[PDB]
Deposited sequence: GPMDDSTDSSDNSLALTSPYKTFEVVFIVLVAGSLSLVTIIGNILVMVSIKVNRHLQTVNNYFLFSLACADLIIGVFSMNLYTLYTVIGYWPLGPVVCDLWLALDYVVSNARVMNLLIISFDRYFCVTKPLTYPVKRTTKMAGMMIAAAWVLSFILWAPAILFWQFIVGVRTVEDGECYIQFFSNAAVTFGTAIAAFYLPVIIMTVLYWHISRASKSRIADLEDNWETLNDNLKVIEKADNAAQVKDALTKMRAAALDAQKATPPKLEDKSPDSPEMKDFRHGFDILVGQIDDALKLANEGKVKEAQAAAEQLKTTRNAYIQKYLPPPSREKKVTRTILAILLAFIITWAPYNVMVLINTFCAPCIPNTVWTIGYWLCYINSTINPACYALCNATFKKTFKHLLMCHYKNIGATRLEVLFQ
């Protein structure tokens, strides 16, 4: 049997690789926040706790589950089985309520801007996270570890490992409704109000100008400099015709409004001088003209202040990675209520692993898309 042996070797290598990636990715996130004060924001306190739960899944949950399935039975005894099940459900429950914290915290920043942001400190973020881990422990740990003593008998036979009060299929489904389906519904409606609040005009023109200015700096060919120069110049004219939040509410004839438009008139003059050199053949000099643009922009940035579009996109990615990876297991629980043979044990293992995969791809939802995390990752990996 040369094939059944290769499947075991393939599974061990794939499981060990996923566990290793989950460990490294989440440690890099947690260490980056600790060593860089620029990453010590309220949002990253919630991501630190999220990466903290993902690290426990990669270290304990993934490895103990791989040993369980490869050997074919539970070899570590009943005590370690209860501790593993309790740790798995508490850490998972803390993740779900962590996503609820991120969703509600973002909801009150767009619906209560005159009240909530001033109440949004790292001490409040630490208390909400601490309360989430305490509530998760109280909900799952005593029931998983001590239900056998309440009923007075341990029905989990030797070599088996499962939650004892889940012997009733309807009980498992009620758990799926309260611990997964209801939270996902809440996070979906919360995001629906987030994207509708994002869907005012001054932030859209200034963000387009700054984003296309970076594209010129890191452009590989001549098509990326032409598209960025035109789309930025279009956004610069729409940002010039509008009035910024100026002090004292000054008329268009004021020296503040005249010099504000004059700052954009200098920028368009340098943009067309960069567009010229890009067509003369000095595409490298047009990229050197972007530094002159960044100087003029910085010389007249005192009239303006938004990365909130990226923040909303980041939350959606974190929520979708949670829904997509945890949905297959929960529909198996639903089908299990009326047809247990409809879900083979191989399908159960796959659905259980997909939930673990949520911890693997979670850092890639935000860390590999944020400019500050990338710079800190490079610094953590270079040899001093």
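Undergrad: Given the full deposited sequence, which segments carry no C-alpha coordinates?
TA: No C-alpha for residues 1-17, 217-219, 326-328, 408-421.
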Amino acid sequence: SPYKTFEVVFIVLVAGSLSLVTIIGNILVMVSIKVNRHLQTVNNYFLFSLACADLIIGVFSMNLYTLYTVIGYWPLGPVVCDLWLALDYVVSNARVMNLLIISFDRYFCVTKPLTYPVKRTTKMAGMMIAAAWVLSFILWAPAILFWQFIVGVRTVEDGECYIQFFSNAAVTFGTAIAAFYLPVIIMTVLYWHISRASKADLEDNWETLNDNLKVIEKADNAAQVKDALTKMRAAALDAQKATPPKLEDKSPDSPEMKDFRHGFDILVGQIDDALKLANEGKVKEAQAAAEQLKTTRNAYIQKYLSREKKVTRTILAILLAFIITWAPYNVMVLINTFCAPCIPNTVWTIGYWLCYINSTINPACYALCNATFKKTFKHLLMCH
From here on, numbers count along this sequence of modelled residues.
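Undergrad: Mean C-alpha B factor from the entry: is it higher for 278-286 or for 190-198?
TA: If you average the C-alpha B-factors of 278-286 and of 190-198, the larger mean comes out for 278-286.
Undergrad: Output the stretch having the higher mean C-alpha B factor in the entry; the candidates are 241-249 and 117-125.
TA: Of 117-125 and 241-249, the stretch with the higher C-alpha B-factor average is 241-249.
Undergrad: With respect to the C-alpha temperature factors reported in the PDB entry, which of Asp158, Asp105, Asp82, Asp204 ranks highest?
TA: Checking the PDB record, the top C-alpha B-factor among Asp158, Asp105, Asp82, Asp204 is at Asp204.
Undergrad: Going by the CA temperature factor in the entry, name the top one among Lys112, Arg297, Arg154, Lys309.
TA: Answer for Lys112, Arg297, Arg154, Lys309: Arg297, with the highest C-alpha B-factor.
Undergrad: Select lowest, middle or highest to describe the third in which the CA B-factor of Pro142 falls within its chain in this entry.
TA: For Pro142, the deposited C-alpha B-factor lands in the middle third.
Undergrad: Would you mind ranking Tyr89 by its C-alpha B-factor against the rest of the chain and naming the third, lowest, middle or highest?
TA: Lowest third.
Undergrad: Taking the entry's C-alpha B-factors for this chain, is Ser136 in the lowest, middle or highest third?
TA: Within its chain, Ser136 is a lowest-third residue by C-alpha B-factor, going by the deposited values.
Undergrad: Considering only modelled residues of the same chain, in which third does the CA B-factor of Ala169 rank: lowest, middle or highest?
TA: Middle third by C-alpha B-factor.
Undergrad: Comparing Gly72 with the other modelled residues of its chain, is its CA B-factor in the lowest, middle or highest third?
TA: For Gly72, the deposited C-alpha B-factor lands in the middle third.
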